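*Asks:* Take a look at this one; I'll ask things after.
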Amino acid sequence: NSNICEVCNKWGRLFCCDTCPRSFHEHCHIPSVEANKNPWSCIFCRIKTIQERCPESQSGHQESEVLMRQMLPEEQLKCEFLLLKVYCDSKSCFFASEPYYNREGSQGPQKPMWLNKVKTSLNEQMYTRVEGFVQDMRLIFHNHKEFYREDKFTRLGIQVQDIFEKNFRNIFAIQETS
Ligand SMILES: [Zn+2]
Ligand SMILES: [Zn+2]
Ligand SMILES: [Zn+2]
């Protein structure tokens, strides 16, 4: 197994996947690494299994249909994995914890949002449809773009949104388009 966490790329107290060489800090893995379970399979492995059990699940889909899906166990897992893929980028640090807004010439957003809040919301089963999770994730980057205006720091929201959107299209097998 790897000797660094797959998500934050640091050593420490790591839990090893039994079906692949990845390793994780307890709270870097989403959901948090489960207490017992021998063997244990990580979220990358659990997602691969869904795909292998239903190869047709990788045929193209319309985003509008994906968003209306109820958060049954497989869609819950897919959103957890998508959230994890955002945290895997080091630029997620900017969006992880609760932001505050005091900049000359800007007003803070009406509805602040951040990754750890989405994480808690998923853990607490607060989303009933995929749309709920996706809306809150897109809101993180939209709020950032609006607040930072013409400051070059706006680019960080574009960059992490692009990681989100690429992984969304991959995980939910969104029909490829030009
Ligand atoms: Zn970690
Ligand atoms: Zn694994
Ligand atoms: Zn099938």
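Following the order of the structure tokens, chains are lettered A, B, ..., residues in each are numbered from 1, and ligands are numbered from 1.
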Which chains and residue numbers are within 7 Å of ligand 2, counting only C-alpha atoms and all ligand atoms, if I want them as a count of residues only?
*Replies:* 11
*Asks:* At a cut-off of 6 Å and counting only C-alpha atoms and all ligand atoms, what residues surround ligand 1? Please answer as a list in words.
*Replies:* residues 5, 7, 8, 10, 24, 25 and 28 of chain A
*Asks:* For the residues in the current selection, export N, CA, C and O atoms as a PDB file, in the first residue's frame.
*Replies:*
```
ATOM      1  N   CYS A   5      -1.391   9.455   2.390  1.00  0.00           N
ATOM      2  CA  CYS A   5      -2.848   9.632   2.162  1.00  0.00           C
ATOM      3  C   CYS A   5      -3.140  10.026   0.718  1.00  0.00           C
ATOM      4  O   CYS A   5      -2.524  10.931   0.172  1.00  0.00           O
ATOM      5  N   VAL A   7      -5.702  11.505  -0.521  1.00  0.00           N
ATOM      6  CA  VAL A   7      -6.376  12.800  -0.590  1.00  0.00           C
ATOM      7  C   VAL A   7      -5.427  13.989  -0.323  1.00  0.00           C
ATOM      8  O   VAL A   7      -5.348  14.914  -1.149  1.00  0.00           O
ATOM      9  N   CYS A   8      -4.723  13.983   0.823  1.00  0.00           N
ATOM     10  CA  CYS A   8      -3.899  15.166   1.207  1.00  0.00           C
ATOM     11  C   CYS A   8      -2.400  14.984   0.955  1.00  0.00           C
ATOM     12  O   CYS A   8      -1.630  15.929   1.202  1.00  0.00           O
ATOM     13  N   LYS A  10      -0.061  13.459   2.551  1.00  0.00           N
ATOM     14  CA  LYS A  10       0.772  13.412   3.748  1.00  0.00           C
ATOM     15  C   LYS A  10       0.769  11.992   4.381  1.00  0.00           C
ATOM     16  O   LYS A  10      -0.176  11.215   4.235  1.00  0.00           O
ATOM     17  N   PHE A  24      -5.449   6.096   3.430  1.00  0.00           N
ATOM     18  CA  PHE A  24      -6.198   7.283   3.859  1.00  0.00           C
ATOM     19  C   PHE A  24      -6.082   7.649   5.303  1.00  0.00           C
ATOM     20  O   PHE A  24      -6.193   6.813   6.197  1.00  0.00           O
ATOM     21  N   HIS A  25      -6.010   8.955   5.563  1.00  0.00           N
ATOM     22  CA  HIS A  25      -6.314   9.386   6.914  1.00  0.00           C
ATOM     23  C   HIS A  25      -7.792   9.105   7.172  1.00  0.00           C
ATOM     24  O   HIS A  25      -8.640   9.131   6.245  1.00  0.00           O
ATOM     25  N   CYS A  28      -9.977  12.030   6.050  1.00  0.00           N
ATOM     26  CA  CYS A  28      -9.751  12.379   4.647  1.00  0.00           C
ATOM     27  C   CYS A  28     -10.656  11.509   3.747  1.00  0.00           C
ATOM     28  O   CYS A  28     -11.180  11.975   2.741  1.00  0.00           O
TER      29      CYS A  28
END
```
*Asks:* Please measure the separation of CA of residue 101 in chain A and CA of residue 148 in chain A, giving the value in Å to one decimal.
*Replies:*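 Going from CA of residue 101 in chain A over to CA of residue 148 in chain A covers 9.8 Å.
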*Asks:* Please give me, as a ChimeraX atom specification, the residues lying within 10 Å of ligand 3 when counting only C-alpha atoms and all ligand atoms.
*Replies:* /A:50-57
*Asks:* Quick one: which range 34-92 of chain A residues come within 8 Å of range 115-127 of chain A, and what is the nearest atom pair for each with the distance in Å to one decimal, counting only C-alpha atoms, rows ordered by chain and ascending number, as a Markdown table?
*Replies:*
```
| residue | atom | partner | partner_atom | distance |
| --- | --- | --- | --- | --- |
| A:71 | CA | A:127 | CA | 6.9 |
| A:76 | CA | A:122 | CA | 7.7 |
| A:80 | CA | A:122 | CA | 7.3 |
| A:83 | CA | A:119 | CA | 7.6 |
```
*Asks:* Tell me, which residues of range 29-158 of chain A carry DSSP helix (DSSP H, G or I), written as an MDAnalysis selection string?
*Replies:* chainID A and resid 43:53 55:58 63:68 73:87 90:96 115:123 130:148 154:158
*Asks:* Would you compute the distance between CA of residue 66 in chain A and CA of residue 113 in chain A? Give it in Å to one decimal.
*Replies:*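 CA of residue 66 in chain A sits 22.1 Å away from CA of residue 113 in chain A.
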*Asks:* Residues at most 6 Å from range 174-176 of chain A, counting only C-alpha atoms, excluding those fewer than 6 positions away in the same chain, as an NGL selection string?
*Replies:* :A and (60-62)
*Asks:* Keeping only C-alpha atoms, write those residues as a CSV table (one decimal), in the first residue's frame.
*Replies:*
```csv
chain,number,residue,atom,x,y,z
A,60,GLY,CA,-24.0,8.7,-21.5
A,61,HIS,CA,-26.6,10.5,-19.4
A,62,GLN,CA,-28.3,13.9,-19.5
```
*Asks:* Do you have the CA of residue 162 in chain A-CA of residue 138 in chain A distance handy?
*Replies:*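 So the answer is 10.3 Å.
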*Asks:* Quick one: of A:73, A:15, A:1, A:86, who's nearest to residue 166 in chain A, counting only C-alpha atoms?
*Replies:*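 Closest candidate: A:86.
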*Asks:* May I have the residues within 12 Å of residue 67 in chain A as number ranges by chain, using only C-alpha atoms and disregarding those fewer than 3 positions away in the same chain?
*Replies:* A: 61-64, 70-71, 75, 79, 127-135, 168-169, 172, 174
*Asks:* Just list the residues in range 11-119 of chain A DSSP gives strand (DSSP E) on the backbone, as a list in words.
*Replies:*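 Answer for range 11-119 of chain A, restricted to strand (DSSP E): residues 14, 15, 16, 23, 24 and 25 of chain A.
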*Asks:* I need the chosen residues saved as an mmCIF file, in the first residue's frame, with N, CA and C atoms.
*Replies:*
```cif
data_model
loop_
_atom_site.group_PDB
_atom_site.id
_atom_site.type_symbol
_atom_site.label_atom_id
_atom_site.label_comp_id
_atom_site.auth_asym_id
_atom_site.auth_seq_id
_atom_site.Cartn_x
_atom_site.Cartn_y
_atom_site.Cartn_z
ATOM 1 N N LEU A 14 -2.540 6.153 8.882
ATOM 2 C CA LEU A 14 -3.179 5.760 7.613
ATOM 3 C C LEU A 14 -3.909 4.416 7.767
ATOM 4 N N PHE A 15 -5.056 4.323 7.107
ATOM 5 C CA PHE A 15 -5.833 3.090 6.929
ATOM 6 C C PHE A 15 -5.685 2.597 5.493
ATOM 7 N N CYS A 16 -5.413 1.309 5.295
ATOM 8 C CA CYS A 16 -5.034 0.830 4.001
ATOM 9 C C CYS A 16 -6.230 0.150 3.362
ATOM 10 N N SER A 23 -4.167 4.501 0.423
ATOM 11 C CA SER A 23 -4.274 4.675 1.858
ATOM 12 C C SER A 23 -4.879 5.998 2.231
ATOM 13 N N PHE A 24 -5.449 6.096 3.430
ATOM 14 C CA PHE A 24 -6.198 7.283 3.859
ATOM 15 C C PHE A 24 -6.082 7.649 5.303
ATOM 16 N N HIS A 25 -6.010 8.955 5.563
ATOM 17 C CA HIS A 25 -6.314 9.386 6.914
ATOM 18 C C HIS A 25 -7.792 9.105 7.172
#
```
*Asks:* Can you pull out every residue within 10 Å of residue 111 in chain A, counting only C-alpha atoms, but drop anything in the same chain fewer than 5 positions away, and send it as a list in words?
*Replies:*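 After dropping sequence-adjacent residues, the list is residues 136, 139, 140 and 143 of chain A.
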*Asks:* When you count only C-alpha atoms, which of these residues is closest to residue 104 in chain A: A:137, A:92, A:151, A:156?
*Replies:*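 So, comparing all the options, the nearest one is A:151.
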*Asks:* Which residue is closest to residue 93 in chain A? Choose from A:171, A:178, A:153, A:160 and count only C-alpha atoms.
*Replies:* A:160
